[PDB]
Amino acid sequence: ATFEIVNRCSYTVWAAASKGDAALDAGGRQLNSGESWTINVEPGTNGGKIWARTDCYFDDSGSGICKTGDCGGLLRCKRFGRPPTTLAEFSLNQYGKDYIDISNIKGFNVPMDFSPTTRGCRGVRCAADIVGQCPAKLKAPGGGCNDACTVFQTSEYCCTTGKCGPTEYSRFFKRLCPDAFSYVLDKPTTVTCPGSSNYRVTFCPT
């Protein structure tokens, strides 16, 4: 239920944590280079996500915009963020176990390591330079590397009908980051941890 969010990047990021219809803990917070933010996530949180946001500007009330991962213009995120967003995904206390993964299904913006701080399982990582190697048609002018579903809005890329295969675009993400989901029906890279494990999300783990 504790997630330590550490920014090893050389640039500032604004962390965000949500399960889609509500914030987790405060939902969001600035993290300058090297800073750590420990949040509490309620047990049994299903479909929670943590991500980084880049190039944000927020007013005194906490309203503004980010070039990647913006969540309705709020500093304290109440909903998921606009792609591209490397995603740390987690569902806790599901019939006795935690389940974690990293997903590039909504694009890539910041490299990420997602690891337990307690025993019983391994971590996952996507720390390759996906933005620098991004295919031209996936490059997001605002920053990051978009997934093909946000770029092209096709049943095949978005897996709308629950039937879809890998694509030239999903194989790029999978080549650079095998341990992260590259498309909806990707062979699962989910890691089963003991129920009520604790975690650490490190941006730019290097």
Side-chain angles (χ1 to χ4, degrees), residues 3-9 11-32 35 37-42 45-59 61-92 100-114 124-127 130-131 134 138-153 157-159 169-170 173 177 180-184 199-205:
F3 284 73
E4 187 174 21
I5 306 176
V6 181
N7 180 25
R8 189 121 75 213
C9 305
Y11 50 85
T12 299
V13 302
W14 289 255
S18 167
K19 66 185 181 63
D21 61 0
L24 304 180
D25 195 285
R29 203 264 242 183
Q30 178 174 330
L31 263 62
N32 290 318
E35 287 188 331
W37 180 34
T38 305
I39 62 173
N40 284 99
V41 175
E42 185 179 24
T45 290
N46 198 346
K49 302 187 191 306
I50 291 164
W51 68 101
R53 295 171 285 176
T54 61
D55 296 296
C56 305
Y57 315 96
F58 296 104
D59 71 7
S61 68
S63 297
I65 188 170
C66 301
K67 274 175 154 288
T68 71
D70 186 58
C71 62
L74 303 183
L75 173 63
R76 279 201 49 168
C77 284
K78 204 64 180 162
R79 306 209 180 286
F80 296 136
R82 177 176 197 275
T85 55
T86 325
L87 295 173
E89 302 182 322
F90 49 91
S91 307
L92 314 183
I100 67 182
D101 73 66
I102 291 174
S103 182
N104 286 310
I105 295 168
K106 290 291 181 190
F108 178 97
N109 60 334
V110 181
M112 166 190 287
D113 177 274
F114 185 11
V124 292
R125 180 171 294 185
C126 179
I130 283 177
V131 175
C134 185
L138 299 190
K139 293 187 181 186
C145 193
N146 283 130
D147 62 291
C149 169
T150 86
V151 174
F152 296 101
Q153 294 288 279
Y157 292 142
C158 306
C159 217
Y169 292 122
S170 71
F173 292 94
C177 285
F181 287 79
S182 57
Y183 70 109
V184 176
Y199 302 92
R200 187 184 165 104
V201 181
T202 314
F203 301 122
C204 302

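Any value given below was found using the heavy atoms of this structure, including those in side chains, with hydrogens, waters and symmetry copies removed. We're numbering straight along the sequence, starting at 1.
Evaluation of the side-chain hydrogen bond (donor to acceptor under 3.5 Å, both in side chains) rule for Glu4 yields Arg200 as partners, not counting sequence neighbours. Every side-chain contact (heavy atoms from CB on, under 4.5 Å) that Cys56 has, sequence neighbours left out, goes to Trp14, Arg53, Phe58, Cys66. With sequence neighbours excluded, the residues that form a side-chain contact (heavy atoms from CB on, under 4.5 Å) with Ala23 are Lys78. With sequence neighbours excluded, no residue forms a ring pair (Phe, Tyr, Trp, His ring centres under 6.0 Å) with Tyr183. Applying the side-chain hydrogen bond (donor to acceptor under 3.5 Å, both in side chains) test to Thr85 and every residue at least two apart in sequence or in another chain returns nothing. Scored by the side-chain contact (heavy atoms from CB on, under 4.5 Å) test, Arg82 finds no partners at all (sequence neighbours excluded). In this view, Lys106 satisfies the side-chain hydrogen bond (donor to acceptor under 3.5 Å, both in side chains) rule with no residue, not counting sequence neighbours. Qualifying ring pair (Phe, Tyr, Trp, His ring centres under 6.0 Å) partners for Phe152, counting only residues two or more places apart in sequence or in other chains: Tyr157, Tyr169. The side-chain contact (heavy atoms from CB on, under 4.5 Å) search around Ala88 returns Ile50, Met112, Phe114, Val201, not counting sequence neighbours. Under the rule for a side-chain hydrogen bond (donor to acceptor under 3.5 Å, both in side chains), the partners of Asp21 that lie at least two apart in sequence or sit in another chain are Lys19. Residues satisfying the salt bridge (charged side-chain N to carboxylate O under 4.0 Å, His left out) test with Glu42, not counting sequence neighbours, are none.
The nearest pair of heavy atoms linking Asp147 to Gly107 is OD1-N, 3.5 Å.
Sequence neighbours left out, the pairs with a member in residues 66-76 that pass side-chain hydrogen bond (donor to acceptor under 3.5 Å, both in side chains) are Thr54-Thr68, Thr68-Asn109.
For the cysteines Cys149 and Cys159, the sulfur (SG) atoms lie at a distance of at least 2.5 angstrom from each other.
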